[PDB]
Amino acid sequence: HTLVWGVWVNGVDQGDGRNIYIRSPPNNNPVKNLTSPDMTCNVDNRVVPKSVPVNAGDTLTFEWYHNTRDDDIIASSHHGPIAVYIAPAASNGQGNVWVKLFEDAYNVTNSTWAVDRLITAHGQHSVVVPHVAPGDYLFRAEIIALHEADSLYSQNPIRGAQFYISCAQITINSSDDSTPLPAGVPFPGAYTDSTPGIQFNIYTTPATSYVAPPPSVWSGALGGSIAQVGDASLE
């Protein structure tokens, strides 16, 4: 149970974005139904009044929280991967539009899931803004909690993989468009009951065997991190 508070751009806090530049849902409950329209941008997908200005190559940091800013972030039980997707904003996230910029699942070197590292990072994970065409975009940050993922939601709706989905409105101003954005995958649709990484038993199946759900990270993606960029306590 977690939500995005706001973003940072090059380590500069853009301020509380809830219902402002984040298409915030009404609460931190997960999406679980893989065929739900709620898979696109969570349960209240609509245009919010602001879009955060960035340039290609900026570091864009998403900041998550549980109940209040810079708290426990997400229950420690919620082990799983983190991904970030991008889509042109005029799509409203509909159709074959979502391109993956970032994936972090289980780190064999550190013996830690992305969610574990997100807590350590005070809720912060980042991407490099890609060199796509200037314009308005949706950045879809997705945490998958796998602590009840041994079941399919379609077999037992009390369980299932949990999707914490947050869409940020980002305007890319300066970009040389060296990597034009291709078509991508649909949400809902990309993840099905048979997709690798959706049904996974963390109690019985070693995390070293986990394969995150496709799609693969796009060749145009420039990378990212799970690391604290900014200190909310100094504000």
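Numbering starts at 1 and runs along the sequence shown.
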item	value
Comparing 141-149 with 104-112, the one whose average Cα B-factor in the PDB entry is higher	104-112
223-231 versus 19-27 - greater average Cα B-factor per the deposited record	223-231
Most elevated Cα B-factor in the entry, residues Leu60, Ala168, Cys41, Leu181	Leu181
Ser194 CA temperature factor, ranked by third within the chain	highest
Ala90 - which third its CA temperature factor falls in, relative to the rest of the chain	highest
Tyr210 CA temperature factor, ranked by third within the chain	middle
Relative C-alpha B-factor of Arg69, binned into the chain's lowest, middle or highest third	middle
Chain third (lowest, middle, highest) by recorded CA B-factor, residue given as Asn33	lowest
